[PDB]
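First comes one chain, alone, set out as structure tokens in the form deposited in one PDB entry.
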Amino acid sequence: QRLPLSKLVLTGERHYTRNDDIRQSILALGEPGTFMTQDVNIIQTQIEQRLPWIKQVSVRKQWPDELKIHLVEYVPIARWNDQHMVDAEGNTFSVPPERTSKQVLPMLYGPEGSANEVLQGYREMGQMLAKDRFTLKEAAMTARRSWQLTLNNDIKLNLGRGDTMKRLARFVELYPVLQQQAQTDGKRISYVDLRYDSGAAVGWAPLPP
């Protein structure tokens, strides 16, 4: 008959961690059996590598028989360049796509190191847009620093390189007119392209049947 000898207790809010992932970290280590002597700090520096979604690992031991591991995961705000994530402060990490993956998370895009930059804009435009009835599905910065936002609809907004808060300002002012014209013709606004002092060019599309 089986019953435990070394116990393992995990604490803190955890969405992306399976309990087995920590177990597999300690066990897949060296000299398995030196289990509450293998340095409490070495076990931090092992949970951290094997899991890039842990912000922090807090390991102590409680004599006689248990190992108490406190975890803080990275809370992502966006899906960066399709294959990473990012949290409020700009930190980029990853997860298995085997994991939740049916998340209502926006997706940011941009050059290699620009995940904090893109986050900046994503906050500043998502803010003003949510001040009206609009949420950001995507937001893509190019190398040249030209922003293109896909919206809650599949309405893309090409804001170019310049007066961006002025330009999606101008879109919010216009949206009613666009919706009116959108039905009196029975087409959906595909994009509105704002690279104009004072102007906007709208491309329309047919609509799902």
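The numbering used is simple: start at 1 and walk along the sequence shown. By rigid core we mean the largest C-alpha set that fits within 1.5 Å across both forms.
Not on display, but discussed next: the form deposited in another entry.
Student: Please find the residue from 168, 141, 155, 26 showing a Cα shift of 2 angstroms or more between this form and the one not shown, rigid core superposed.
Tutor: After core superposition, the one over threshold is 26.
Student: Does residue 200 move its CA by 2 angstroms or more between this form and the one not shown when the core is aligned?
Tutor: Comparing forms between this form and the one not shown, the residue 200 CA shifts below 2 Å.
Student: For a quick test of reading the superposition: does residue 85 move by 2 Å or more at the CA between this form and the one not shown, rigid core aligned?
Tutor: No, the C-alpha moves less than 2 Å.
Student: Using a superposition on the rigid core, decide whether the Cα position of residue 188 changes by 2 angstroms or more between this form and the one not shown.
Tutor: The answer is no; the displacement is under 2 Å.
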